[PDB]
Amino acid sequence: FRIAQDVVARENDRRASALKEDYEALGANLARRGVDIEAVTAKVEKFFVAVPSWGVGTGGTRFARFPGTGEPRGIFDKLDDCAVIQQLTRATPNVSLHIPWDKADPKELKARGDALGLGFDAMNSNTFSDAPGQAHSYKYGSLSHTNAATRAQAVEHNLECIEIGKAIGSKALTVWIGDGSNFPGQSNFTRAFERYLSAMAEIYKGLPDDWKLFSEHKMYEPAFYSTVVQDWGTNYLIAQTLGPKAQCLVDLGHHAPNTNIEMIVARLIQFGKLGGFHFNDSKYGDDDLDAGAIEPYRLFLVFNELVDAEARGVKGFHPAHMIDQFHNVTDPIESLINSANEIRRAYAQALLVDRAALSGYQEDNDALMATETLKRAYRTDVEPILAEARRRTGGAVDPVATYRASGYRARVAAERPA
């Protein structure tokens, strides 16, 4: 227990009375709306999203990095910090690892995870930066590099990530690369994509039959003119070409300005290629900000498509959920805590949508009532449900409040002198 159980209990009891009042009030309101609050809480308690190992330490921009106190010094420290997020929110039982950033003895990583009550989600490969002793540089690409030996090196790296994942219980490999060009003419769009497809086919050949392979598209950065896997269209072509175990991963901040992202989600679901999500928020580019902190309605609309898929009777749909954020000006743990909370908030609200009423307004082309039907769910303050879900499962009514009351940051600051 990273956070003392007496502190969690103390801070829960301090807020118990108010929560009971709010939960009962919301329960009565939902009952008048024909909704059983217990049914919603039950589902919310089971919604999990993976926390990124790279999100526990302070992040930075190309201009600078401003570390806070008690910065995790490596993957083991990061797991310790991830354990706090899970203990308090109970929404992040699994951690996403990144190789080679998190290279360490796989057996030990698993042992630490087991002891902390943490599992492992999809592995993440890294061929967008060079490691010491690397024979070929990824400056001009990796899986799509013009040099055969460089592509082979990239493929081998991904296979190594799979081996590490098999040792810790991971069941998927997420591949995001920076491959692209900064100048017109630098790359031949088609040949580069053909090279990428051939290299990914080699990774697919080495992909276990109990694993999934996720490709992540991105409009730009680090490539500023063209990117090989630039959007969901190219991503679909990739997944379809590689095989049934290959699917598309949608990172919210990787789309062109004003893109209707929830529609992309719906399209990928319809064609069975929505592998998972990388949650975060943004306003300008791939800002990697706390989920829902900028555009909470958009997050709700994405979850509205996920819940509709269930309502439509879609089968075999269990998308992977992961947070992909960098925290440059906040306590990383607090941001991950509230981000995970925001994701459950949007999910809970999506569950409140009166699907029967919405379907009726859609068929009758009553646009105003259709949108108001979504708003009635979205406007509902589901915090009491999120808090009760946490309380009932060993977490904290007010996660960040308990975190601060525990003095954890000051504790690790003292344990991790810099």
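Heads up: residue numbers just count along the shown sequence, starting at 1.
K.L.:
Can you let me know which of the two, 394-402 or 8-16, has the higher average C-alpha B-factor in the entry?
P.N.:
Per the PDB entry, the higher value belongs to 8-16.
K.L.:
Of the two stretches 27-35 and 380-388, which shows the higher Cα B-factor on average in the entry?
P.N.:
Per the PDB record, 27-35.
K.L.:
Tell me which of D324, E221, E342, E160 tops the list for C-alpha B factor in the record.
P.N.:
Comparing C-alpha B-factors across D324, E221, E342, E160, the maximum falls on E160.
K.L.:
Between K107, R90, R298, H145, which carries the biggest CA temperature factor in the record?
P.N.:
Of the candidates given, the C-alpha B-factor peaks at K107.
K.L.:
Relative to the other modelled residues in the chain, which third contains the C-alpha temperature factor of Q134: lowest, middle or highest?
P.N.:
Highest third of the chain for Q134's C-alpha B-factor.
K.L.:
Splitting the chain's C-alpha B-factors into thirds, which one does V329 fall into?
P.N.:
According to the entry, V329 has a C-alpha B-factor in the chain's middle third.
K.L.:
Hey, what third does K78 fall into on Cα B-factor, ranked over its chain?
P.N.:
It falls in the middle third of the chain.
K.L.:
Going by the CA temperature factor in the PDB record, which third of the chain does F271 belong to: lowest, middle or highest?
P.N.:
CA B-factor rank for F271: middle third.
K.L.:
By its CA B factor, does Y284 count among the lowest, middle or highest third of the modelled residues in the chain?
P.N.:
For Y284, the deposited C-alpha B-factor lands in the middle third.
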